[PDB]
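One chain follows as structure tokens, the form deposited in one PDB entry.
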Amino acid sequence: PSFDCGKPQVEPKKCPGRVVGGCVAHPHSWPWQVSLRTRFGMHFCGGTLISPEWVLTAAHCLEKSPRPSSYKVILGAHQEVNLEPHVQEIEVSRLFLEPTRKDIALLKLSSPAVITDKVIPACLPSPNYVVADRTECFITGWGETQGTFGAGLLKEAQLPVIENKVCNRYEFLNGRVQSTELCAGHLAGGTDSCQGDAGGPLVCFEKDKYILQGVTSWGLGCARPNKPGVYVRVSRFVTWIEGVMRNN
């Protein structure tokens, strides 16, 4: 227990649900947050640190280059552009695209990551697990870029999960959600939920820690008011994940 996954060393603000615009998060209250950047250095997608050498993200983010040398990672950050001194910049060595759906990808760090109180992995869930309807979760990221104040600061929003059965009703996603994905948001009195980046994390607290339940989808991850967002349902891929880390 000298820094276990899912346990932040800075209690998260835990922005209430439906708060317009979301909230700027407490710095380092989401130590698994990753910032996927290009060689030149520009931030462009999110990631979740799952172990000292592995970052989970969205395949779509890798569309431009297959060369893992074209990607860098930023760990422990809060500011999007101007970076702090403690920030950890690790280059990527290999890329692992999930075979069955090609939606998420695994990033292996050229060198491990010094686990500190600002850089702690998130906990993966149990294989094939299904987060119950209404469970309160959080999305975090630098996804929103239209605000004039606070531009660049890591933000968070609270989203309760929507049972796919409901999520797929005509009024909502109308049958577009596979069992391999989950939904989160509000169906009433809700607001924009676009703070997370594509590939960004969607974690849900359980008993005493934060478990990574979904990866913010490319495009459909950013939902408008009263429309739920769509995340890749991580539990449906833990096995594959565990295996990749275990063999590389």
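Only the largest set of C-alpha atoms that superpose within 1.5 Å between the two forms is called the rigid core. Residue positions are given as counts along the sequence shown, with the first one as 1.
K.L.:
Is residue 21 unbuilt in at least a third of the other PDB entries compared?
P.N.:
No; none of the other entries leave residue 21 out.
K.L.:
On mean Cα temperature factor in this entry, is 194 to 202 or 35 to 43 the higher one?
P.N.:
Mean C-alpha B-factor is greater for 35 to 43.
K.L.:
Given the B-factors recorded for C-alpha atoms, which segment has the greater mean, 67 to 75 or 174 to 182?
P.N.:
Mean B over CA atoms: larger for 67 to 75.
K.L.:
Taking the C-alpha B-factors as the PDB entry records them, is residue 80 in the lowest, middle or highest third of its chain?
P.N.:
According to the entry, residue 80 has a C-alpha B-factor in the chain's highest third.
K.L.:
Give the position of residue 15 by CA B-factor within its chain, expressed as the lowest, middle or highest third.
P.N.:
CA B-factor rank for residue 15: middle third.
K.L.:
Sorting the chain's modelled residues by C-alpha B-factor, tell me whether residue 90 ends up in the lowest, middle or highest third.
P.N.:
It falls in the top third of the chain.
K.L.:
Taking the chain's C-alpha temperature factors as the reference, tell me which third residue 116 falls into: lowest, middle or highest.
P.N.:
Within its chain, residue 116 is a highest-third residue by C-alpha B-factor, going by the deposited values.
K.L.:
Rank-wise, by C-alpha B-factor, drop residue 62 into the lowest, middle or highest third of its chain.
P.N.:
It belongs to the highest third of the chain when residues are ordered by C-alpha B-factor.
Absent from the display: the form deposited with a small molecule bound. The rest refers to it.
K.L.:
Pick the stretch from 27 to 35, 206 to 214, 192 to 200, 48 to 56 whose residues have a heavy atom within 4.5 Å of the small molecule in the deposited complex.
P.N.:
Contact-bearing stretch, as computed: 192 to 200.
K.L.:
My question is simply whether residue 98 lines the interface with the small molecule in the deposited complex - judged by any non-hydrogen atom within 4.5 Å.
P.N.:
Residue 98: no contact with the small molecule in the deposited complex.
K.L.:
So in the deposited complex, is the small molecule close enough to residue 176 to count as touching (4.5 Å, heavy atoms)?
P.N.:
Residue 176: contacts the small molecule in the deposited complex.
K.L.:
Wondering, does residue 22 line up within 4.5 Å of the small molecule in the deposited complex on heavy atoms?
P.N.:
Judged by the heavy-atom cut-off of 4.5 Å, residue 22 is well away from the small molecule in the deposited complex.
K.L.:
Verify the contact flag for residue 220: yes if a non-hydrogen atom of it lies within 4.5 Å of a non-hydrogen atom of the small molecule in the deposited complex, no if not.
P.N.:
Result yes; residue 220 sits at the interface with the small molecule in the deposited complex.
K.L.:
Using a core superposition, identify the member of 204, 45, 194, 62 whose Cα displacement between this form and the one not shown reaches 2 Å or more.
P.N.:
The displaced C-alpha is that of 194.
K.L.:
After superposition on the rigid core, does the Cα atom of residue 170 shift by at least 2 Å between this form and the one not shown?
P.N.:
After core superposition, the displacement of the residue 170 C-alpha between this form and the one not shown stays below 2 Å, so no.
K.L.:
Comparing between this form and the one not shown on the rigid core, is the C-alpha shift at residue 145 2 Å or larger?
P.N.:
It does, since the residue 145 C-alpha is displaced 2 Å or more between this form and the one not shown after the core fit.
K.L.:
Taking the rigid core as the reference frame, tell me whether residue 36 has a CA displacement of 2 angstroms or more between this form and the one not shown.
P.N.:
Comparing the forms between this form and the one not shown, which are aligned on their rigid core, residue 36 does not shift its C-alpha by 2 Å or more.
K.L.:
Since the Cα separation of residue 198 and residue 192 moves by 3 Å or more in the deposited complex, tell me which way: closer or farther than here.
P.N.:
Here the pair is farther apart than in the deposited complex; there, closer.
K.L.:
Have a look at residue 197 and residue 193: in the deposited complex, are their Cα atoms closer together or farther apart than in this form, given the change is 3 Å or more?
P.N.:
Pair moves closer in the deposited complex.
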